[PDB]
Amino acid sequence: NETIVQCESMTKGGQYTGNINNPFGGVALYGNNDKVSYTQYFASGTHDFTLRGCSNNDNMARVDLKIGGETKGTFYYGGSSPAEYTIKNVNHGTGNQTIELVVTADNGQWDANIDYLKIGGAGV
């Protein structure tokens, strides 16, 4: 009923997307359009999405959730300590869907560190 996809296993995109080791094994998104994405098979259309990550500092980091090219919501991190952020009851298509995690709100004040994406609901 839950599946976890490590961000470091996803396909990198953008200018500077890179791997990090601390505060967890994961990926850093440093600027706008820095992203990771992968193909998620879905047998049904409604899931909760939880991203574990954090800012690199005390400023608020944000990561956008995209599915099938549609922006479905934004994960927010109010500091540098690793935390989960859940976006509940996201509707989306079935079959193979491209899940994208992308920075769009960078302004030179923070980087987004992302550990894993957890998807909850009706068969992991």
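Note that residue numbering begins at 1 and tracks the sequence as displayed.
- Among the modelled residues of the chain, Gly73 sits in the middle third by CA temperature factor in this PDB entry.
- In the deposited entry, the Cα temperature factor of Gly93 sits in the bottom third of values across the chain's modelled residues.
- When all modelled residues of the chain are sorted by CA temperature factor, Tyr85 is found within the lowest third.
- When the modelled residues of the chain are ordered by C-alpha B-factor, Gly18 sits in the middle third.
- When the modelled residues of the chain are ordered by their C-alpha B factor, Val63 lands in the lowest third.
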